[PDB]
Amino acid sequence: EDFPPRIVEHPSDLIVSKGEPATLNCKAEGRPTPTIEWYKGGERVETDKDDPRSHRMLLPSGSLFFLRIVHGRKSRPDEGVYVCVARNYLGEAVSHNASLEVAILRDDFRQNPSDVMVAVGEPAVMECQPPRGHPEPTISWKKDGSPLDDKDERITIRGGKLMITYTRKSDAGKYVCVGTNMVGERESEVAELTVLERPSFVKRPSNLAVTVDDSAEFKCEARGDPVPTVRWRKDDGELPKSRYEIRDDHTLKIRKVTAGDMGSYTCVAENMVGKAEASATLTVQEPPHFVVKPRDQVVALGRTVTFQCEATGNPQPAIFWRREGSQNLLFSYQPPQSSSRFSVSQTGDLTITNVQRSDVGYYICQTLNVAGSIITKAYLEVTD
């Protein structure tokens, strides 16, 4: 008794790389043994059973076996879908079609990741598209040759993008996009991420007051990435010809300081990412000068006298009074100890009210600051 031929096992679709071996899944039974015929949509295919010189092999189990896939620029007949057919003494059989496409992966990337230059805390985005390949390559990233993961909340690898919400100095490095499939791995062109820092001050110039022909030093020190260029400037005008120097540490030194050196001097730290400035004032000290000097006076007993004494100077000088041959100092802001008939105004004058005979004498006005001291006096004569 003879049974009609029919396909028992159906072959499934599979992809194989160039040169790599591939095997199908075809099986049929009948009486006598059915010969499995392989044809690429009508066209005949060479096998080991038909000719002993052919490269393509034919297994007696039923499934077709290939050693090396024929593909190139001149000849490529191996690629294409094939269906096995069984034939016995009586009856015909046809199996389901299975895809037998050759797998490939190109050399150059459709989109190479680009270099990014950002300041600390600013986001960083890198984009990539792997080379043309079947099956379509899946993206992954590498930082300094080491694989990168989504684990860190700041880094998200979705689609063809690598995202960093805010950068840390630790984010700097050489980034490479990687395209992988069954064929292999493809690394992209190096995309370097540089995390820069704006300039800021390590030391800020401080306010200074000096006397004429002294020296003035203003200190400055900055940080940053790239290392900044520290430069001095005088705001009202220029730095003094033949009289200044900037030391290696960035100190500003003005020798033999004159009145025309009084003002604001700025220190400027600059790099590619930004600029930062810090100012400080120079106060040139001047000794005091009498504006109004007291005049000798004659006053009737019981009446009020006022000896005027006003002084200019930088800084504004302290004025005080005292009677010749006495230690009791009379100030404006201070309550007068001995008598309340004596008082110094906010501007320096000395008012004596209800003058008595013991008030006779010299009243000394003294003005002083850090740059000098000046002293003057006027006589009080008390008459009947």
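Start at 1 and count along the sequence shown; that's the residue number.
Mean C-alpha B-factor is higher over 130-138 than over the other stretch, the pair under comparison being 160-168 and 130-138. For the segment pair 143-151 and 254-262, the entry gives 143-151 the higher mean B-factor, averaged over Cα atoms. Taking the PDB entry at face value, the top CA B factor among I319, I36, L329, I352 belongs to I36. In the deposited coordinates, the residue among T281, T180, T229, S215 with the greatest CA B-factor is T180. In this PDB entry, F66 carries a Cα temperature factor that places it within the highest third of its chain's modelled residues.
In the PDB entry, a CA B factor belonging to the middle third of its chain's modelled residues is recorded for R198.
When the modelled residues of the chain are ordered by their C-alpha B factor, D115 lands in the middle third.
Compared with the other modelled residues of the chain, the Cα B-factor recorded for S17 ranks in the middle third. Annotation for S54: CA B-factor lies in the highest third of the chain's modelled residues.
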